[PDB]
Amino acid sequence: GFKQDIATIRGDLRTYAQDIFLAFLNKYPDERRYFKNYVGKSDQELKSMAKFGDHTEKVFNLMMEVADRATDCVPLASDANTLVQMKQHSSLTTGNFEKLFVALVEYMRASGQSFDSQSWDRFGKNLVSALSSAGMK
């Protein structure tokens, strides 16, 4: 289930973080406009960029905490508040998050793995709802 999936991802965090973020960027290439120096590079090129590995691990480190702190895939309002208020997230709207979780869910479905993809979809939708409540447009 969802709780076990958190442990699975955490067990191989760098690999999962990079592969899922890449699935996001490749499904939604224009989402690269939010980041610096990701455009014009293949997956292997990105994976050899020190900043890429560091960033994506930090994103998924926090995502797993938000998931772990959730009850029945409903995140804490305090977690939503933090994600809205982060300076690094000032250009974002809930749509950016919708797309990330669509990509993450499709990645899980496309694996040969027993991820609880429906729970991640639910969690993504609930997070978007919480971001809206916390004041993200």
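One rule holds for the numbers: they count along the sequence shown, beginning at 1. We call the rigid core the largest set of C-alpha positions that still match within 1.5 Å between the two forms.
Taken in 7 other deposited structures of this protein and fitted on the core, 74 to 82 and 34 to 42 differ in how far their Cα atoms move from the shown form, and the one that moves more is 34 to 42. Greater C-alpha displacement in 7 other deposited structures of this protein (rigid core superposition, RMS over structures and residues), of 44 to 52 versus 89 to 97: 44 to 52. In this entry, 79 to 87 shows the higher mean Cα temperature factor of the pair 79 to 87 and 96 to 104. Checked against the record, the higher mean CA B factor of 31 to 39 and 59 to 67 lies with 31 to 39.
Looking at the C-alpha B-factors along this chain, the one for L46 belongs to the middle third.
Compared with the other modelled residues of the chain, the Cα B-factor recorded for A130 ranks in the middle third. Remark: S119 belongs to the lowest third of its chain, ranked by C-alpha B-factor as recorded. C73: CA B factor in the middle third of modelled residues in this chain (values from the PDB entry).
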